[PDB]
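Counting from 1, the numbers follow the sequence of the chain as shown.
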Amino acid sequence: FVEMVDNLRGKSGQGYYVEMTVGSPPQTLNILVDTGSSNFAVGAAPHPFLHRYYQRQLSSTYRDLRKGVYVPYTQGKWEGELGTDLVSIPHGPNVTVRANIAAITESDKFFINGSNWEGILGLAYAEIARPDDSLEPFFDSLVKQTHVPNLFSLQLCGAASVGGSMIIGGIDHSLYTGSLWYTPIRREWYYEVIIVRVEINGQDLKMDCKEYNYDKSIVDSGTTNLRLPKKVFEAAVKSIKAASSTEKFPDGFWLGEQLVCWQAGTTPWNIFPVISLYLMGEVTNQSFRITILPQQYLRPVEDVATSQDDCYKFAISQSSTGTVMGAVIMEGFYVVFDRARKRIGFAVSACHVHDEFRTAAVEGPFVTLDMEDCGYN
Ligand SMILES: Fc1ccc(CC2CCNCC2)cc1
């Protein structure tokens with residue numbers, strides 16, 4: 001697995017990507033790693049923001065599925081032509097798989113200007129694949145066609161360039177300290193999990209835990225933010241704001257409508273509280289908790305042209321699709337997507353940003369009753 005260490009790159013806020021090759025002879029592409037979706041899709045036309053794109057004409061092994069795909073988010077989208085071809089990961093396992101590939105031929109607010117990636121690898125399950133669950137996800141094909149074990153793990157670091165590791169088929173013990181604690185994957189569609197309790201600085205939000213998961217809680221490497229449902233976010237913010245009364249900031253800041261700034265080397269770590277999410281455990285009435293920091297939910301925006309100060313963005317936000325454990329959470333931890341056992345493991349990351357005031361943690365066991373009631377039907 002040392003071959004795969006440090007095989008992810010990126011820039012702050014623009015996601016983590018891995019090098020992949022498609023077609024024969026191999027075309028090299030940088031591909032976004034995204035556990036919040038399930039299509040393998042790559043740029044296939046010369047959109048001006050793209051360094052590189054898939055040229056199906058150069059590939060002996062390409063096969064057209066003679067079907068299209070239309071994949072919208074909030075305005076919005078990409079649109080493509082389906083096929084299969086041969087696919088490798090240079091700094092991954094030593095195999096080549098025949099995989100479905102959506103050749104992207106039109107898009108809107110998908111590709112990012114200034115970024116170094118040209119596609120997206122959806123690592124979640126067939127249920128959320130487009131246009132339907134019959135389109136076999138890349139990782140399914142990988143596992144089905146080779147002897148790679150059915151799991152992958154992610155260490156997302158981040159510092160400007162970010163870096164990390166996607167270990168495919170296994171676990172690298174150099175990448176974490178202490179023990180892995182596992183929470184069940186509640187359903188194989190997104191990587192759905194259940195939060196059973198939330199503490200800010202070590203204080204419960206006394207909230208019907210069923211809310212914390214309204215209507216979803218998911219682990220998503222493609223999202224920068226820790227994202228909370230309206231009602232939970234409203235209460236979430238209430239306590240973070242009061243935890244941090246020492247100094248004040250605007251209404252918009254908490255709604256991600258304005259960024260906040262301090263001078264270089266003058267930020268208050270400690271005027272902000274820790275977040276602890278207790279996740280459902282492997283055993284009835286047993287949980288564990290993961291604890292992050294404001295360094296994780298306060299992300300230092302590199303270069304605003306309108307300031308030379310140290311400006312950070314509030315990384316927590318609302319949703320109607322639900323909770324989203326994104327880069328804010330995942331950068332604190334080594335995270336193991338144990339598909340074979342339907343569970344996701346969290347351990348303290350060997351690369352997380354710490355000191356000797358406070359530190360990221362994964363602790364258990366705790367006793368939590370009615371953790372099923374936290375799940376939404
Ligand atoms: F710039 C973008 C836009 C949209 C996406 C797809 C999302 C899938 C769910 N996880 C977050 C990303 C990626 C990049």
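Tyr334 and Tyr176 have parallel rings, their planes meeting at less than 30° on a 0 to 90° scale where 60° marks the start of perpendicular.
Sequence neighbours left out, the pairs with a member in residues 112-133 that pass salt bridge (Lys or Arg N to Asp or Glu O under 4.0 Å) are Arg52-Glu118, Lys67-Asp132, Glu127-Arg187. Residue pairs meeting the salt bridge (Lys or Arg N to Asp or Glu O under 4.0 Å) criterion with at least one member in residues 158-169: none, sequence neighbours excluded. Legend: salt bridge (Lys or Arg N to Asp or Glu O under 4.0 Å) pairs involving residues 361-377, not counting sequence neighbours, sorted by first then second residue: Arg289-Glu363.
At a threshold of 4.0 Å, the pair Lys231-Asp208 does not count as salt-bridged, since none of the basic side-chain nitrogens sits closer than that to a carboxylate oxygen. A salt bridge between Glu199 and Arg197 is present, with a side-chain N of the basic residue lying under 4.0 Å from a carboxylate O of the acidic one.
For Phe49, the ring pair (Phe, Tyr, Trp, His ring centres under 6.0 Å) partners are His47, not counting sequence neighbours. For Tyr212, there are no ring pair (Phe, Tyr, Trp, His ring centres under 6.0 Å) partners, not counting sequence neighbours.
Of the N and O atoms on the side chains of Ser60 and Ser24, not one donor lies less than 3.5 Å from an acceptor on the other residue. Using a 3.5 Å distance cut-off with no hydrogens or angles, the side chains of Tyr191 and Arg339 do pair a donor with an acceptor.
Residues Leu154 and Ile171 share a single hydrophobic cluster, defined by chaining ILVMFWY side chains whose heavy atoms lie under 4.5 Å apart.
No donor-acceptor pair closer than 3.5 Å links the side chain of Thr74 to the backbone N or O of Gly76. A donor-acceptor pair is defined here as one N or O able to donate and one able to accept, closer than 3.5 Å; no such pair exists between the side chain of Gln14 and the backbone of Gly10.
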May I have the list of side-chain donor-acceptor pairs in residues 233-246 shorter than 3.5 Å, sequence neighbours left out?
| from | atom 1 | to | atom 2 | distance (Å) |
| --- | --- | --- | --- | --- |
| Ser244 | OG | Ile240 | O | 2.7 |
| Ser244 | OG | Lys241 | O | 3.2 |
| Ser245 | OG | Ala242 | O | 3.2 |

